[PDB]
Amino acid sequence: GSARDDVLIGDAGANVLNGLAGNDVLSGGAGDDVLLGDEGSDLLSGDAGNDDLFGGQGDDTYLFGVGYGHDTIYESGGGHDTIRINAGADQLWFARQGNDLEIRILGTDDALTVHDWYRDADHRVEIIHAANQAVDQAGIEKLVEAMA
Ligand SMILES: [Ca+2]
Ligand SMILES: [Ca+2]
Ligand SMILES: [Ca+2]
Ligand SMILES: [Ca+2]
Ligand SMILES: [Ca+2]
Ligand SMILES: [Ca+2]
Ligand SMILES: [Ca+2]
Ligand SMILES: [Ca+2]
């Protein structure tokens, strides 16, 4: 990446993509990728394979869906980070696992983990979108508690 707004597209191998400053778009493609949004409002999509997603500071967006495998988000900060999951809300299973939040797509091996979600506010993503539903932090908590 560069200080500008970049679009960084991986290939089928395990890739490291670093957006640097600016509002970037990072798409890993297949393989196990490491994606960094760094400073700015970035959109990170690991795609297939098991990807580590570091949106960095700023308000970052993370994509997930069927066939995305097991991806882990490591947030650093931002008051309006978001996850956008391409599935119906009733296909989602929310659980606490230690200090992580784990979101599974029912009927699949696809799972999205937010590392240290329960440690502190800077590790949280503030809105989780399913197809036509935006779930805020109080809503996420209620799903976790209900599905325990
Ligand atoms: Ca950036
Ligand atoms: Ca950049
Ligand atoms: Ca890749
Ligand atoms: Ca990938
Ligand atoms: Ca960022
Ligand atoms: Ca962020
Ligand atoms: Ca993935
Ligand atoms: Ca946040």
# chains A, B, ... in the order shown; residues from 1 in each chain; ligands from 1
$ select_by_dssp --residues "chain A" --states "strand (DSSP E or B)" --output "PDB file with N, CA and C atoms, in the first residue's frame"
ATOM      1  N   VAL A   7      -6.414   0.186  -3.542  1.00  0.00           N
ATOM      2  CA  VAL A   7      -7.169  -1.071  -3.633  1.00  0.00           C
ATOM      3  C   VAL A   7      -6.127  -2.153  -3.866  1.00  0.00           C
ATOM      4  N   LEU A   8      -6.063  -3.066  -2.890  1.00  0.00           N
ATOM      5  CA  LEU A   8      -5.010  -4.077  -2.846  1.00  0.00           C
ATOM      6  C   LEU A   8      -5.705  -5.420  -2.959  1.00  0.00           C
ATOM      7  N   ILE A   9      -5.398  -6.147  -4.018  1.00  0.00           N
ATOM      8  CA  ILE A   9      -6.047  -7.433  -4.317  1.00  0.00           C
ATOM      9  C   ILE A   9      -5.022  -8.532  -4.350  1.00  0.00           C
ATOM     10  N   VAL A  16       0.437 -10.943   2.265  1.00  0.00           N
ATOM     11  CA  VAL A  16       0.418  -9.862   3.247  1.00  0.00           C
ATOM     12  C   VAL A  16       0.069  -8.599   2.508  1.00  0.00           C
ATOM     13  N   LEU A  17      -1.020  -7.935   2.906  1.00  0.00           N
ATOM     14  CA  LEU A  17      -1.468  -6.696   2.261  1.00  0.00           C
ATOM     15  C   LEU A  17      -1.501  -5.668   3.384  1.00  0.00           C
ATOM     16  N   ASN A  18      -0.818  -4.533   3.195  1.00  0.00           N
ATOM     17  CA  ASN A  18      -0.781  -3.479   4.200  1.00  0.00           C
ATOM     18  C   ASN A  18      -1.276  -2.165   3.530  1.00  0.00           C
ATOM     19  N   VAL A  25      -9.026  -0.414   0.421  1.00  0.00           N
ATOM     20  CA  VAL A  25      -9.833  -1.648   0.212  1.00  0.00           C
ATOM     21  C   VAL A  25      -8.861  -2.781   0.042  1.00  0.00           C
ATOM     22  N   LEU A  26      -8.975  -3.855   0.827  1.00  0.00           N
ATOM     23  CA  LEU A  26      -8.018  -4.977   0.769  1.00  0.00           C
ATOM     24  C   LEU A  26      -8.869  -6.226   0.574  1.00  0.00           C
ATOM     25  N   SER A  27      -8.545  -7.030  -0.437  1.00  0.00           N
ATOM     26  CA  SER A  27      -9.215  -8.261  -0.696  1.00  0.00           C
ATOM     27  C   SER A  27      -8.149  -9.336  -0.826  1.00  0.00           C
ATOM     28  N   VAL A  34      -2.918 -12.128   5.425  1.00  0.00           N
ATOM     29  CA  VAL A  34      -2.802 -11.206   6.564  1.00  0.00           C
ATOM     30  C   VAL A  34      -3.101  -9.841   5.965  1.00  0.00           C
ATOM     31  N   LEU A  35      -4.162  -9.182   6.464  1.00  0.00           N
ATOM     32  CA  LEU A  35      -4.583  -7.881   5.913  1.00  0.00           C
ATOM     33  C   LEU A  35      -4.537  -6.808   6.965  1.00  0.00           C
ATOM     34  N   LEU A  36      -3.908  -5.643   6.653  1.00  0.00           N
ATOM     35  CA  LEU A  36      -3.823  -4.510   7.601  1.00  0.00           C
ATOM     36  C   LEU A  36      -4.424  -3.307   6.958  1.00  0.00           C
ATOM     37  N   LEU A  43     -11.688  -1.148   4.279  1.00  0.00           N
ATOM     38  CA  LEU A  43     -12.598  -2.292   4.129  1.00  0.00           C
ATOM     39  C   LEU A  43     -11.688  -3.492   3.889  1.00  0.00           C
ATOM     40  N   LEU A  44     -11.857  -4.562   4.678  1.00  0.00           N
ATOM     41  CA  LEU A  44     -10.987  -5.757   4.631  1.00  0.00           C
ATOM     42  C   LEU A  44     -11.914  -6.947   4.345  1.00  0.00           C
ATOM     43  N   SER A  45     -11.510  -7.744   3.342  1.00  0.00           N
ATOM     44  CA  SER A  45     -12.212  -8.996   3.002  1.00  0.00           C
ATOM     45  C   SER A  45     -11.150 -10.080   2.843  1.00  0.00           C
ATOM     46  N   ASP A  52      -6.236 -13.368   8.743  1.00  0.00           N
ATOM     47  CA  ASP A  52      -6.150 -12.511   9.918  1.00  0.00           C
ATOM     48  C   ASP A  52      -6.343 -11.089   9.439  1.00  0.00           C
ATOM     49  N   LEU A  53      -7.306 -10.404  10.046  1.00  0.00           N
ATOM     50  CA  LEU A  53      -7.775  -9.089   9.564  1.00  0.00           C
ATOM     51  C   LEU A  53      -7.579  -8.003  10.655  1.00  0.00           C
ATOM     52  N   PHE A  54      -6.743  -7.003  10.353  1.00  0.00           N
ATOM     53  CA  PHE A  54      -6.320  -5.975  11.331  1.00  0.00           C
ATOM     54  C   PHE A  54      -6.777  -4.665  10.720  1.00  0.00           C
ATOM     55  N   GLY A  55      -7.976  -4.212  11.035  1.00  0.00           N
ATOM     56  CA  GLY A  55      -8.431  -3.005  10.391  1.00  0.00           C
ATOM     57  C   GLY A  55      -7.652  -1.753  10.793  1.00  0.00           C
ATOM     58  N   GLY A  56      -7.074  -1.825  12.001  1.00  0.00           N
ATOM     59  CA  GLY A  56      -6.290  -0.720  12.536  1.00  0.00           C
ATOM     60  C   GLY A  56      -7.165   0.350  13.200  1.00  0.00           C
ATOM     61  N   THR A  61     -14.398  -1.653   7.976  1.00  0.00           N
ATOM     62  CA  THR A  61     -15.432  -2.581   7.601  1.00  0.00           C
ATOM     63  C   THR A  61     -14.830  -3.925   7.288  1.00  0.00           C
ATOM     64  N   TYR A  62     -15.428  -5.018   7.777  1.00  0.00           N
ATOM     65  CA  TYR A  62     -14.918  -6.339   7.496  1.00  0.00           C
ATOM     66  C   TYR A  62     -16.003  -7.127   6.834  1.00  0.00           C
ATOM     67  N   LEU A  63     -15.695  -7.760   5.725  1.00  0.00           N
ATOM     68  CA  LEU A  63     -16.706  -8.619   5.022  1.00  0.00           C
ATOM     69  C   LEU A  63     -16.523 -10.078   5.394  1.00  0.00           C
ATOM     70  N   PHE A  64     -17.664 -10.770   5.456  1.00  0.00           N
ATOM     71  CA  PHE A  64     -17.686 -12.215   5.693  1.00  0.00           C
ATOM     72  C   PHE A  64     -18.908 -12.826   5.057  1.00  0.00           C
ATOM     73  N   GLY A  65     -18.856 -14.140   4.859  1.00  0.00           N
ATOM     74  CA  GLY A  65     -20.001 -14.802   4.211  1.00  0.00           C
ATOM     75  C   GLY A  65     -19.726 -16.251   4.046  1.00  0.00           C
ATOM     76  N   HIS A  70     -12.321 -19.624   8.257  1.00  0.00           N
ATOM     77  CA  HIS A  70     -12.247 -19.166   9.666  1.00  0.00           C
ATOM     78  C   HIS A  70     -11.348 -17.911   9.629  1.00  0.00           C
ATOM     79  N   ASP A  71     -11.973 -16.754   9.796  1.00  0.00           N
ATOM     80  CA  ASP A  71     -11.234 -15.493   9.789  1.00  0.00           C
ATOM     81  C   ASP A  71     -11.284 -14.901  11.170  1.00  0.00           C
ATOM     82  N   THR A  72     -10.225 -14.190  11.551  1.00  0.00           N
ATOM     83  CA  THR A  72     -10.142 -13.573  12.865  1.00  0.00           C
ATOM     84  C   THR A  72      -9.871 -12.100  12.674  1.00  0.00           C
ATOM     85  N   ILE A  73     -10.629 -11.295  13.385  1.00  0.00           N
ATOM     86  CA  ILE A  73     -10.467  -9.856  13.375  1.00  0.00           C
ATOM     87  C   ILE A  73      -9.730  -9.451  14.634  1.00  0.00           C
ATOM     88  N   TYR A  74      -8.744  -8.551  14.469  1.00  0.00           N
ATOM     89  CA  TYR A  74      -7.974  -7.998  15.594  1.00  0.00           C
ATOM     90  C   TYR A  74      -8.153  -6.478  15.449  1.00  0.00           C
ATOM     91  N   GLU A  75      -9.075  -5.877  16.203  1.00  0.00           N
ATOM     92  CA  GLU A  75      -9.293  -4.424  16.129  1.00  0.00           C
ATOM     93  C   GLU A  75      -8.319  -3.650  17.021  1.00  0.00           C
ATOM     94  N   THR A  82     -17.445  -1.892  11.486  1.00  0.00           N
ATOM     95  CA  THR A  82     -18.605  -2.702  11.134  1.00  0.00           C
ATOM     96  C   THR A  82     -18.190  -4.040  10.545  1.00  0.00           C
ATOM     97  N   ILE A  83     -19.010  -5.054  10.757  1.00  0.00           N
ATOM     98  CA  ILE A  83     -18.897  -6.341  10.052  1.00  0.00           C
ATOM     99  C   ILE A  83     -20.110  -6.405   9.163  1.00  0.00           C
ATOM    100  N   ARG A  84     -19.909  -6.861   7.930  1.00  0.00           N
ATOM    101  CA  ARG A  84     -21.029  -7.116   7.003  1.00  0.00           C
ATOM    102  C   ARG A  84     -20.978  -8.575   6.573  1.00  0.00           C
ATOM    103  N   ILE A  85     -21.980  -9.330   7.027  1.00  0.00           N
ATOM    104  CA  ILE A  85     -22.044 -10.750   6.781  1.00  0.00           C
ATOM    105  C   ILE A  85     -23.125 -11.002   5.765  1.00  0.00           C
ATOM    106  N   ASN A  86     -22.738 -11.647   4.691  1.00  0.00           N
ATOM    107  CA  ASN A  86     -23.668 -11.909   3.629  1.00  0.00           C
ATOM    108  C   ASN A  86     -24.458 -13.198   3.932  1.00  0.00           C
ATOM    109  N   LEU A  92     -27.149 -17.172  11.687  1.00  0.00           N
ATOM    110  CA  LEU A  92     -25.970 -16.794  12.529  1.00  0.00           C
ATOM    111  C   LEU A  92     -26.063 -17.309  13.916  1.00  0.00           C
ATOM    112  N   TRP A  93     -24.945 -17.823  14.383  1.00  0.00           N
ATOM    113  CA  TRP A  93     -24.793 -18.311  15.756  1.00  0.00           C
ATOM    114  C   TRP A  93     -23.712 -17.499  16.446  1.00  0.00           C
ATOM    115  N   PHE A  94     -24.083 -16.801  17.511  1.00  0.00           N
ATOM    116  CA  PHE A  94     -23.168 -15.907  18.257  1.00  0.00           C
ATOM    117  C   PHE A  94     -22.854 -16.603  19.546  1.00  0.00           C
ATOM    118  N   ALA A  95     -21.587 -16.610  19.894  1.00  0.00           N
ATOM    119  CA  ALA A  95     -21.141 -17.205  21.170  1.00  0.00           C
ATOM    120  C   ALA A  95     -19.936 -16.446  21.706  1.00  0.00           C
ATOM    121  N   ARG A  96     -19.769 -16.447  22.996  1.00  0.00           N
ATOM    122  CA  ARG A  96     -18.537 -16.092  23.651  1.00  0.00           C
ATOM    123  C   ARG A  96     -17.608 -17.291  23.821  1.00  0.00           C
ATOM    124  N   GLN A  97     -16.329 -17.068  23.510  1.00  0.00           N
ATOM    125  CA  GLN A  97     -15.349 -18.138  23.644  1.00  0.00           C
ATOM    126  C   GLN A  97     -14.157 -17.478  24.312  1.00  0.00           C
ATOM    127  N   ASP A 100     -13.144 -13.907  23.333  1.00  0.00           N
ATOM    128  CA  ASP A 100     -13.455 -13.661  21.921  1.00  0.00           C
ATOM    129  C   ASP A 100     -14.969 -13.724  21.706  1.00  0.00           C
ATOM    130  N   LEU A 101     -15.400 -13.034  20.649  1.00  0.00           N
ATOM    131  CA  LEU A 101     -16.763 -13.249  20.114  1.00  0.00           C
ATOM    132  C   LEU A 101     -16.628 -14.185  18.887  1.00  0.00           C
ATOM    133  N   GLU A 102     -17.459 -15.206  18.791  1.00  0.00           N
ATOM    134  CA  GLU A 102     -17.386 -16.096  17.656  1.00  0.00           C
ATOM    135  C   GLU A 102     -18.746 -16.092  16.984  1.00  0.00           C
ATOM    136  N   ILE A 103     -18.712 -15.909  15.654  1.00  0.00           N
ATOM    137  CA  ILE A 103     -19.937 -15.898  14.869  1.00  0.00           C
ATOM    138  C   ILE A 103     -19.839 -16.992  13.822  1.00  0.00           C
ATOM    139  N   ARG A 104     -20.715 -17.987  13.903  1.00  0.00           N
ATOM    140  CA  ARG A 104     -20.678 -19.067  12.956  1.00  0.00           C
ATOM    141  C   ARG A 104     -21.870 -18.929  12.019  1.00  0.00           C
ATOM    142  N   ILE A 105     -21.684 -19.405  10.787  1.00  0.00           N
ATOM    143  CA  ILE A 105     -22.797 -19.495   9.839  1.00  0.00           C
ATOM    144  C   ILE A 105     -23.315 -20.914   9.984  1.00  0.00           C
ATOM    145  N   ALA A 111     -16.628 -19.366  10.022  1.00  0.00           N
ATOM    146  CA  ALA A 111     -16.725 -18.783  11.349  1.00  0.00           C
ATOM    147  C   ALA A 111     -15.860 -17.562  11.340  1.00  0.00           C
ATOM    148  N   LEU A 112     -16.382 -16.532  11.958  1.00  0.00           N
ATOM    149  CA  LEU A 112     -15.667 -15.234  12.136  1.00  0.00           C
ATOM    150  C   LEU A 112     -15.466 -14.976  13.631  1.00  0.00           C
ATOM    151  N   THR A 113     -14.226 -14.806  14.049  1.00  0.00           N
ATOM    152  CA  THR A 113     -13.903 -14.583  15.459  1.00  0.00           C
ATOM    153  C   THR A 113     -13.438 -13.138  15.627  1.00  0.00           C
ATOM    154  N   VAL A 114     -13.942 -12.391  16.620  1.00  0.00           N
ATOM    155  CA  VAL A 114     -13.383 -11.054  16.971  1.00  0.00           C
ATOM    156  C   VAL A 114     -12.533 -11.221  18.189  1.00  0.00           C
ATOM    157  N   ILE A 127     -21.140  -2.326  14.956  1.00  0.00           N
ATOM    158  CA  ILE A 127     -22.355  -2.808  14.274  1.00  0.00           C
ATOM    159  C   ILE A 127     -22.015  -4.081  13.500  1.00  0.00           C
ATOM    160  N   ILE A 128     -22.834  -5.125  13.625  1.00  0.00           N
ATOM    161  CA  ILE A 128     -22.754  -6.357  12.799  1.00  0.00           C
ATOM    162  C   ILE A 128     -24.006  -6.337  11.915  1.00  0.00           C
ATOM    163  N   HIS A 129     -23.807  -6.317  10.595  1.00  0.00           N
ATOM    164  CA  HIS A 129     -24.909  -6.322   9.631  1.00  0.00           C
ATOM    165  C   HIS A 129     -25.052  -7.756   9.113  1.00  0.00           C
ATOM    166  N   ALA A 130     -26.285  -8.231   9.113  1.00  0.00           N
ATOM    167  CA  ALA A 130     -26.624  -9.415   8.405  1.00  0.00           C
ATOM    168  C   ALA A 130     -27.455  -8.819   7.248  1.00  0.00           C
ATOM    169  N   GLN A 133     -30.436  -6.616   8.562  1.00  0.00           N
ATOM    170  CA  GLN A 133     -30.501  -6.356   9.986  1.00  0.00           C
ATOM    171  C   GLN A 133     -29.192  -5.804  10.477  1.00  0.00           C
ATOM    172  N   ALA A 134     -29.213  -4.654  11.139  1.00  0.00           N
ATOM    173  CA  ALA A 134     -28.001  -4.113  11.761  1.00  0.00           C
ATOM    174  C   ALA A 134     -28.152  -4.426  13.218  1.00  0.00           C
ATOM    175  N   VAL A 135     -27.188  -5.120  13.807  1.00  0.00           N
ATOM    176  CA  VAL A 135     -27.204  -5.456  15.213  1.00  0.00           C
ATOM    177  C   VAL A 135     -26.120  -4.616  15.936  1.00  0.00           C
ATOM    178  N   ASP A 136     -26.495  -3.815  16.951  1.00  0.00           N
ATOM    179  CA  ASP A 136     -25.552  -3.048  17.755  1.00  0.00           C
ATOM    180  C   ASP A 136     -25.007  -3.870  18.944  1.00  0.00           C
TER     181      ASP A 136
END
$ select_by_dssp --residues "segment 17-143 of chain A" --states "helix (DSSP H, G or I)" --output "PyMOL selection string"
chain A and resi 89-91+121-123+137-143
$ residues_near_ligand --ligand "ligand 5" --cutoff "9 Å" --atoms "only C-alpha atoms and all ligand atoms" --output "list in words"
residues 19, 20, 21, 22, 23, 24, 36, 37, 38, 39, 40, 41, 42, 43, 54, 55, 56, 57, 58, 59, 60, 61, 75, 76, 77, 78 and 81 of chain A
$ write_last_selection --atoms "N, CA, C and O atoms" --output "mmCIF file, in the first residue's frame"
data_model
loop_
_atom_site.group_PDB
_atom_site.id
_atom_site.type_symbol
_atom_site.label_atom_id
_atom_site.label_comp_id
_atom_site.auth_asym_id
_atom_site.auth_seq_id
_atom_site.Cartn_x
_atom_site.Cartn_y
_atom_site.Cartn_z
ATOM 1 N N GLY A 19 -2.414 -1.667 3.963
ATOM 2 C CA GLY A 19 -2.976 -0.466 3.356
ATOM 3 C C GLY A 19 -2.182 0.815 3.633
ATOM 4 O O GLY A 19 -2.282 1.808 2.881
ATOM 5 N N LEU A 20 -1.492 0.863 4.759
ATOM 6 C CA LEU A 20 -0.861 2.139 5.178
ATOM 7 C C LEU A 20 -1.983 3.213 5.422
ATOM 8 O O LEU A 20 -3.189 2.854 5.566
ATOM 9 N N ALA A 21 -1.632 4.499 5.510
ATOM 10 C CA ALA A 21 -2.673 5.503 5.733
ATOM 11 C C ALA A 21 -3.571 5.591 4.500
ATOM 12 O O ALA A 21 -3.338 4.966 3.440
ATOM 13 N N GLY A 22 -4.593 6.398 4.616
ATOM 14 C CA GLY A 22 -5.571 6.471 3.545
ATOM 15 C C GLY A 22 -6.680 5.421 3.772
ATOM 16 O O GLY A 22 -6.541 4.512 4.593
ATOM 17 N N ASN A 23 -7.785 5.588 3.056
ATOM 18 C CA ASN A 23 -8.972 4.739 3.175
ATOM 19 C C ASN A 23 -8.863 3.665 2.095
ATOM 20 O O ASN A 23 -9.101 3.936 0.905
ATOM 21 N N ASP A 24 -8.494 2.454 2.525
ATOM 22 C CA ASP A 24 -8.087 1.417 1.607
ATOM 23 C C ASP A 24 -9.147 0.358 1.471
ATOM 24 O O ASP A 24 -9.954 0.157 2.378
ATOM 25 N N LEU A 36 -3.908 -5.643 6.653
ATOM 26 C CA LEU A 36 -3.823 -4.510 7.601
ATOM 27 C C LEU A 36 -4.424 -3.307 6.958
ATOM 28 O O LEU A 36 -3.954 -2.846 5.918
ATOM 29 N N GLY A 37 -5.450 -2.740 7.580
ATOM 30 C CA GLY A 37 -5.954 -1.463 7.082
ATOM 31 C C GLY A 37 -5.083 -0.296 7.556
ATOM 32 O O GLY A 37 -4.955 0.738 6.818
ATOM 33 N N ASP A 38 -4.485 -0.412 8.774
ATOM 34 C CA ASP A 38 -3.698 0.673 9.364
ATOM 35 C C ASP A 38 -4.581 1.938 9.466
ATOM 36 O O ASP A 38 -5.835 1.833 9.672
ATOM 37 N N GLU A 39 -3.964 3.099 9.478
ATOM 38 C CA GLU A 39 -4.698 4.351 9.670
ATOM 39 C C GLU A 39 -5.751 4.515 8.565
ATOM 40 O O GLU A 39 -5.585 4.059 7.415
ATOM 41 N N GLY A 40 -6.875 5.134 8.908
ATOM 42 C CA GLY A 40 -7.963 5.436 7.882
ATOM 43 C C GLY A 40 -9.137 4.463 8.034
ATOM 44 O O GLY A 40 -9.127 3.549 8.879
ATOM 45 N N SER A 41 -10.168 4.725 7.230
ATOM 46 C CA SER A 41 -11.376 3.905 7.210
ATOM 47 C C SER A 41 -11.210 2.894 6.090
ATOM 48 O O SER A 41 -11.271 3.256 4.865
ATOM 49 N N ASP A 42 -10.992 1.633 6.476
ATOM 50 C CA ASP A 42 -10.589 0.622 5.485
ATOM 51 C C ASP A 42 -11.612 -0.455 5.409
ATOM 52 O O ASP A 42 -12.319 -0.723 6.428
ATOM 53 N N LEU A 43 -11.688 -1.148 4.279
ATOM 54 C CA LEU A 43 -12.598 -2.292 4.129
ATOM 55 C C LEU A 43 -11.688 -3.492 3.889
ATOM 56 O O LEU A 43 -10.804 -3.440 3.009
ATOM 57 N N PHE A 54 -6.743 -7.003 10.353
ATOM 58 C CA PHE A 54 -6.320 -5.975 11.331
ATOM 59 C C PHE A 54 -6.777 -4.665 10.720
ATOM 60 O O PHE A 54 -6.006 -4.002 10.005
ATOM 61 N N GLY A 55 -7.976 -4.212 11.035
ATOM 62 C CA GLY A 55 -8.431 -3.005 10.391
ATOM 63 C C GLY A 55 -7.652 -1.753 10.793
ATOM 64 O O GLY A 55 -7.608 -0.755 10.068
ATOM 65 N N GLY A 56 -7.074 -1.825 12.001
ATOM 66 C CA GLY A 56 -6.290 -0.720 12.536
ATOM 67 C C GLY A 56 -7.165 0.350 13.200
ATOM 68 O O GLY A 56 -8.342 0.139 13.518
ATOM 69 N N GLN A 57 -6.606 1.537 13.392
ATOM 70 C CA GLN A 57 -7.376 2.688 13.875
ATOM 71 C C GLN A 57 -8.362 3.086 12.816
ATOM 72 O O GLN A 57 -8.268 2.638 11.669
ATOM 73 N N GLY A 58 -9.317 3.945 13.169
ATOM 74 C CA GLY A 58 -10.306 4.376 12.203
ATOM 75 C C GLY A 58 -11.481 3.398 12.085
ATOM 76 O O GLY A 58 -11.476 2.280 12.643
ATOM 77 N N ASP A 59 -12.461 3.839 11.325
ATOM 78 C CA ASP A 59 -13.710 3.117 11.227
ATOM 79 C C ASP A 59 -13.611 2.105 10.074
ATOM 80 O O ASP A 59 -13.709 2.485 8.907
ATOM 81 N N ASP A 60 -13.474 0.825 10.416
ATOM 82 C CA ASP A 60 -13.139 -0.166 9.395
ATOM 83 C C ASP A 60 -14.307 -1.134 9.184
ATOM 84 O O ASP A 60 -15.095 -1.372 10.098
ATOM 85 N N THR A 61 -14.398 -1.653 7.976
ATOM 86 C CA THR A 61 -15.432 -2.581 7.601
ATOM 87 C C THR A 61 -14.830 -3.925 7.288
ATOM 88 O O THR A 61 -13.886 -3.968 6.513
ATOM 89 N N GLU A 75 -9.075 -5.877 16.203
ATOM 90 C CA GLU A 75 -9.293 -4.424 16.129
ATOM 91 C C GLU A 75 -8.319 -3.650 17.021
ATOM 92 O O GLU A 75 -7.913 -4.179 18.093
ATOM 93 N N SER A 76 -8.055 -2.376 16.678
ATOM 94 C CA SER A 76 -7.167 -1.498 17.429
ATOM 95 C C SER A 76 -7.942 -0.277 17.923
ATOM 96 O O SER A 76 -7.636 0.281 18.957
ATOM 97 N N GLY A 77 -8.968 0.152 17.193
ATOM 98 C CA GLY A 77 -9.666 1.323 17.607
ATOM 99 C C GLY A 77 -10.617 1.794 16.550
ATOM 100 O O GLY A 77 -10.532 1.436 15.380
ATOM 101 N N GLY A 78 -11.525 2.662 16.953
ATOM 102 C CA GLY A 78 -12.492 3.233 16.024
ATOM 103 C C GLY A 78 -13.873 3.145 16.606
ATOM 104 O O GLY A 78 -14.311 2.069 17.097
ATOM 105 N N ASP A 81 -16.613 0.832 13.693
ATOM 106 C CA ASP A 81 -16.200 -0.326 12.843
ATOM 107 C C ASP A 81 -17.452 -1.148 12.596
ATOM 108 O O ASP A 81 -18.390 -1.171 13.432
#
$ residues_around --residues "residue 46 of chain A" --least-positions-apart "6" --cutoff "7 Å" --atoms "only C-alpha atoms" --output "NGL selection string"
:A and (27-29 or 33)
$ write_last_selection --atoms "N, CA, C and O atoms" --output "PDB file, in the first residue's frame"
ATOM      1  N   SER A  27      -8.545  -7.030  -0.437  1.00  0.00           N
ATOM      2  CA  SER A  27      -9.215  -8.261  -0.696  1.00  0.00           C
ATOM      3  C   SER A  27      -8.149  -9.336  -0.826  1.00  0.00           C
ATOM      4  O   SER A  27      -7.337  -9.216  -1.722  1.00  0.00           O
ATOM      5  N   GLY A  28      -8.113 -10.349   0.049  1.00  0.00           N
ATOM      6  CA  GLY A  28      -6.996 -11.322   0.083  1.00  0.00           C
ATOM      7  C   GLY A  28      -7.041 -12.375  -1.031  1.00  0.00           C
ATOM      8  O   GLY A  28      -5.989 -12.943  -1.375  1.00  0.00           O
ATOM      9  N   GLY A  29      -8.225 -12.710  -1.523  1.00  0.00           N
ATOM     10  CA  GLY A  29      -8.373 -13.829  -2.427  1.00  0.00           C
ATOM     11  C   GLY A  29      -8.172 -15.112  -1.697  1.00  0.00           C
ATOM     12  O   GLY A  29      -8.257 -15.156  -0.414  1.00  0.00           O
ATOM     13  N   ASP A  33      -4.403 -15.260   4.310  1.00  0.00           N
ATOM     14  CA  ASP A  33      -3.848 -13.919   4.093  1.00  0.00           C
ATOM     15  C   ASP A  33      -3.783 -13.126   5.401  1.00  0.00           C
ATOM     16  O   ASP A  33      -4.493 -13.416   6.374  1.00  0.00           O
TER      17      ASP A  33
END
$ atom_distance --atom1 "atom CA of residue 68 of chain A" --atom2 "atom CA of residue 131 of chain A"
16.0 Å
$ closest_residue --among "A:117, A:4, A:79, A:146" --to "ligand 6" --atoms "only C-alpha atoms and all ligand atoms"
A:79
$ closest_residue --among "A:66, A:121, A:143, A:148" --to "ligand 8" --atoms "only C-alpha atoms and all ligand atoms"
A:121
$ residues_near_ligand --ligand "ligand 3" --cutoff "7 Å" --atoms "only C-alpha atoms and all ligand atoms" --output "ChimeraX atom specification"
/A:10-15,28-33
$ write_last_selection --atoms "N, CA, C and O atoms" --output "CSV table (one decimal), in the first residue's frame"
chain,number,residue,atom,x,y,z
A,10,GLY,N,-5.2,-9.5,-3.5
A,10,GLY,CA,-4.3,-10.6,-3.3
A,10,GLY,C,-4.5,-11.6,-4.5
A,10,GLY,O,-5.3,-11.3,-5.4
A,11,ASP,N,-3.7,-12.6,-4.4
A,11,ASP,CA,-3.9,-13.7,-5.4
A,11,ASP,C,-4.2,-15.0,-4.6
A,11,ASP,O,-4.5,-15.0,-3.5
A,12,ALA,N,-4.0,-16.1,-5.3
A,12,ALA,CA,-4.4,-17.4,-4.6
A,12,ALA,C,-3.4,-17.8,-3.5
A,12,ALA,O,-3.8,-18.8,-2.8
A,13,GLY,N,-2.2,-17.2,-3.4
A,13,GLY,CA,-1.3,-17.6,-2.4
A,13,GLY,C,-1.6,-16.9,-1.0
A,13,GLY,O,-2.6,-16.1,-0.9
A,14,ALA,N,-0.8,-17.2,0.0
A,14,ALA,CA,-0.9,-16.6,1.3
A,14,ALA,C,-0.2,-15.2,1.1
A,14,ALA,O,1.0,-15.1,0.8
A,15,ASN,N,-0.9,-14.1,1.2
A,15,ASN,CA,-0.4,-12.7,0.9
A,15,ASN,C,-0.5,-11.9,2.2
A,15,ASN,O,-1.4,-12.0,3.0
A,28,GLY,N,-8.1,-10.3,0.0
A,28,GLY,CA,-7.0,-11.3,0.1
A,28,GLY,C,-7.0,-12.4,-1.0
A,28,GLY,O,-6.0,-12.9,-1.4
A,29,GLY,N,-8.2,-12.7,-1.5
A,29,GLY,CA,-8.4,-13.8,-2.4
A,29,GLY,C,-8.2,-15.1,-1.7
A,29,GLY,O,-8.3,-15.2,-0.4
A,30,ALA,N,-7.9,-16.2,-2.4
A,30,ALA,CA,-7.8,-17.5,-1.8
A,30,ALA,C,-6.5,-17.5,-1.0
A,30,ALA,O,-5.7,-16.6,-1.0
A,31,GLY,N,-6.3,-18.6,-0.2
A,31,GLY,CA,-5.1,-18.8,0.7
A,31,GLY,C,-5.3,-18.0,2.0
A,31,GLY,O,-6.2,-17.2,2.1
A,32,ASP,N,-4.4,-18.3,2.9
A,32,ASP,CA,-4.4,-17.7,4.3
A,32,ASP,C,-3.7,-16.4,4.2
A,32,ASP,O,-2.5,-16.4,4.1
A,33,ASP,N,-4.4,-15.3,4.3
A,33,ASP,CA,-3.8,-13.9,4.1
A,33,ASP,C,-3.8,-13.1,5.4
A,33,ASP,O,-4.5,-13.4,6.4
